[PDB]
Amino acid sequence: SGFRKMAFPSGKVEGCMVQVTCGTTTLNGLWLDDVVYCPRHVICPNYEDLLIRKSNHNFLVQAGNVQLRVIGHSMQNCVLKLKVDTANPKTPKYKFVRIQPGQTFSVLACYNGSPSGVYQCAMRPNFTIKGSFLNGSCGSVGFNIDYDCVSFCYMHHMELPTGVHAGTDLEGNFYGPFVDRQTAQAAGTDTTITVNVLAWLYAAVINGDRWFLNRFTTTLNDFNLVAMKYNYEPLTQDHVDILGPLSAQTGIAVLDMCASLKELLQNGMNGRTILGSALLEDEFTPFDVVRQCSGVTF
Amino acid sequence: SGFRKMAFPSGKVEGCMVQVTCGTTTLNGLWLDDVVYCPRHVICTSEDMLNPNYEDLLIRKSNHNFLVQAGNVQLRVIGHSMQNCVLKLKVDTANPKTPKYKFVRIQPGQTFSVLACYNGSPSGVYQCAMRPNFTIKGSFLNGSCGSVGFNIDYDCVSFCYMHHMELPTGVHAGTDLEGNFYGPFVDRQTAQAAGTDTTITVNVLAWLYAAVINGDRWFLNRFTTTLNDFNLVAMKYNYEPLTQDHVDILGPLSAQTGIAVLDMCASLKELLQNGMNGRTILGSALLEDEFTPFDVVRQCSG
Ligand SMILES: Cn1ncc2cncc(NC(=O)Cc3cccc(Cl)c3)c21
Ligand SMILES: Cn1ncc2cncc(NC(=O)Cc3cccc(Cl)c3)c21
Ligand SMILES: [Cl-]
């Protein structure tokens, strides 16, 4: 029993964190084999013009108390790839993956190439992440661990004026309509990840919380007309299919749980909590619920 | 900016997790140097659990009865001893991944990271607090026994908790790494229940200071309170009494925000009376008590 916001064990990623310095700027890098990946703003804009004026020895890379000597450098979108002399012996089995809004991942927050904390979070529908980052956190990464393979999905780049965060996949493509420079940019209107709230309601039922259940059902169309009014993401048939296992485990049909969510949106919690929360939680995917309420290891 | 419940990086602890088997029972062990630490109830059957005589059960065991697995490598047990509710298995190989460590016993209100494991394999990491009733509100399934709670300060891992059992309400009970339980609990399948839980007041105040640091001041008021008047109101909400030591501990945050501790107490009294009125503090609709004054300083400054 118990339900917590849980991150993947960070060990395989901790062995990849390095410190990258160029001029006055110091941020974090990800050392995998003989390449170090970091945000291209470390050179700061005409990035090609700024990079062409740099030599290998301008980039100081530190792996613990050992200096790595840069032997080459190239740019891929908004990521700088620093070719180093030494291959990382702690390089795990990995993939670079681009995630979709609603998908969750673990963040290993780092300062000066040193991991300080690990937390779990979701890619919001507005492509921002509600992280916890201070100055120096740039280059911190987001990941998932499947079996023994680490899937790198996020690299931190900047903080937006509202306190939320923006970054790229490991190929340097931003999530969202953001650019890596000092300019007027703001997060779009955010929405609640509906499939995630439903998964969290199933996790509450599994942990013995049934007060919100009712005898009612709804059509998918009637539910989406309600959900659109409460700034909730539209629920698709794929979402309904993905929730099938949890529906079978609890005996509550997906459209039956949608009618429970409809009543919570129109009437509130009324002094009650669900899994210790007074708000409807949307940062646990259907897979996170299955993994936590079944005990999958890495 | 941003405020999250943050766990310590689990890497230094992952390199210590092993699987321990005694007959039919399989749980987790913590391998540090040439000793593996695990709950002593690994020697018990389910029928032993009502009234087990651990000394009598352990005297009937030999070294080769304990099977220890570190990844795909079997460790050879060369000795065994019991210290309170922990079994200490002496092994023939020292763990090369043993970090700089300490065994620390924590007080209620203190926080720590939990690396939940099944069959000596880490599955997840989360943050939690030692509740005033000595239980932890964890997320544990069967087979998670032996999972550990820790803090990492600088490069030293401080082991403060080892998981032993789940109480009937779904909360968890365990020991420090010397085998002494937190709370009035025993490693017996006897009728035992958690005491009435209370809110960790010093932690809620620290979290209100974290909200002020992140630019949220809607809950502040023009009032102050005496410590005694605050505790008379707090008791009625099932909040832990706030001591002068707590007030001293909150001094740095008070100096950083410019809000006196007894003024932050007046705002908490008002929040307990009024509720949030559709508002949130640091993305939460409830008053958060699992961030200590030290966690707030660490996360908001460094
Ligand atoms: C300075 N600072 N405070 C908090 C914080 C959290 N995460 C990141 C940063 N850093 C930045 O935003 C730096 C930056 C500035 C303009 C453009 C880019 Cl691409 C990057 C933070
Ligand atoms: C069986 N089970 N379900 C969930 C869970 C979470 N954590 C731990 C356990 N396991 C136990 O409680 C086992 C036990 C039984 C009686 C006495 C002791 Cl000391 C230990 C869990
Ligand atoms: Cl303590």
Side-chain angles (χ1 to χ4, degrees), chain A residues 1-2 25-28 39-45 47 78 107 109-111 128-129 131-140 155-161 163-168 174 178-185 207 293 295, chain B residues 1-2 25 27-28 39-52 54 85 104-112 114 116-118 129-130 135-136 138-147 151 158 160-168 170-176 181-182 185-192 202 214 245 249 292-294 300:
Chain A
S1 310
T25 305
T26 293
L27 45 62
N28 313 284
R40 77 178 172 174
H41 73 78
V42 71
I43 74 184
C44 301
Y47 287 100
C78 304
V107 172
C110 308
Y111 300 92
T128 69
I129 77 167
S132 178
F133 289 120
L134 300 177
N135 188 35
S137 61
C138 293
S140 292
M155 172 169 275
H156 182 67
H157 276 64
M158 58 193 235
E159 176 169 287
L160 291 161
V164 301
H165 303 103
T168 71
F174 260 93
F178 306 114
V179 298
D180 59 344
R181 58 176 148 104
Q182 181 46 49
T183 196
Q185 30 186 355
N207 283 268
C293 305
Chain B
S1 174
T25 306
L27 44 62
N28 313 284
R40 75 179 173 173
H41 72 86
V42 71
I43 74 183
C44 301
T45 70
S46 295
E47 28 140 23
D48 270 314
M49 288 312 308
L50 267 168
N51 291 289
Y54 289 99
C85 303
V104 180
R105 188 176 170 88
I106 62 162
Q107 299 297 317
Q110 184 63 269
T111 61
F112 57 96
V114 172
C117 307
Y118 300 93
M130 176 60 56
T135 70
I136 77 165
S139 176
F140 288 122
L141 301 176
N142 188 36
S144 53
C145 292
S147 292
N151 287 284
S158 294
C160 58
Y161 177 85
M162 172 169 275
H163 187 52
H164 276 64
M165 65 188 192
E166 187 171 292
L167 288 169
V171 301
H172 306 91
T175 71
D176 56 23
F181 261 93
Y182 285 102
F185 307 113
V186 293
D187 48 0
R188 249 174 97 196
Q189 246 302 324
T190 212
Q192 31 181 355
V202 68
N214 281 105
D245 267 10
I249 288 156
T292 67
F294 185 97
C300 303

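A note on names: the letters A, B, ... follow the listed sequences, proteins ahead of strands, and every chain is numbered from 1. Start at 1 and go down the list; that is how both ligands and their atoms are numbered.
With ligand atoms numbered from 1 in the order given, ligand 1 contributes 19 (Cl) to contacts under 4.0 Å with heavy atoms of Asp180(A). Heavy-atom contacts of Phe133(A) reach the following atoms of ligand 1: 4 (C), 5 (C), 6 (C), 7 (N) (cutoff under 4.0 Å). Taking every non-hydrogen atom of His156(A) and a distance limit under 4.0 Å, the qualifying atoms of ligand 1 come out as 6 (C), 7 (N), 8 (C).
Looking at every heavy atom in both residues, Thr168(A) comes nearest to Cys78(A) through CG2-CB, 4.1 Å. In this structure, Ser147(B) and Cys117(B) approach most closely via the heavy-atom pair OG-N, 3.0 Å. Taking each heavy atom of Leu160(A) and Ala166(A) in turn, the nearest pair found is CD1-CB, 4.3 Å.
Note on ring orientation: taking the six-membered ring where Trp is involved, the planes of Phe140(B) and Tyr161(B) are parallel (angle under 30°, cut-offs 30° and 60°).
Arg105(B) CZ: more than 12 foreign heavy atoms inside a 6.0 Å radius. The number of heavy atoms from other shown groups lying within 6.0 Å of OH (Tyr54(B)) is above 12.
Nearest to atom 4 (C) of ligand 2 by heavy atom, out of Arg40(B), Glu166(B), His41(B), is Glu166(B). In the candidate list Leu167(B), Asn142(B), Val171(B), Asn142(B) is nearest to atom 1 (C) of ligand 2, counting heavy atoms. Taking all heavy atoms of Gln192(B), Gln189(B), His164(B) into account, the minimum distance to atom 16 (C) of ligand 2 is reached by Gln189(B).
Among protein heavy atoms, atom 17 (C) of ligand 2 sits closest to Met49(B) CE, 3.5 Å.
Counting heavy atoms closer than 4.0 Å to ligand 2, residue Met165(B) contributes atoms from both its backbone and its side chain. Under 4.0 Å from ligand 2, the heavy atoms of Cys145(B) that appear belong solely to its side chain.
Applying the ring-ring contact (aromatic ring centres under 6.0 Å, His included) test between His164(B) and each of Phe185(B), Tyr182(B), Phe181(B) identifies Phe181(B) as the sole match.
Note: no N/O pair closer than 3.5 Å links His165(A) and ligand 1 by distance alone.
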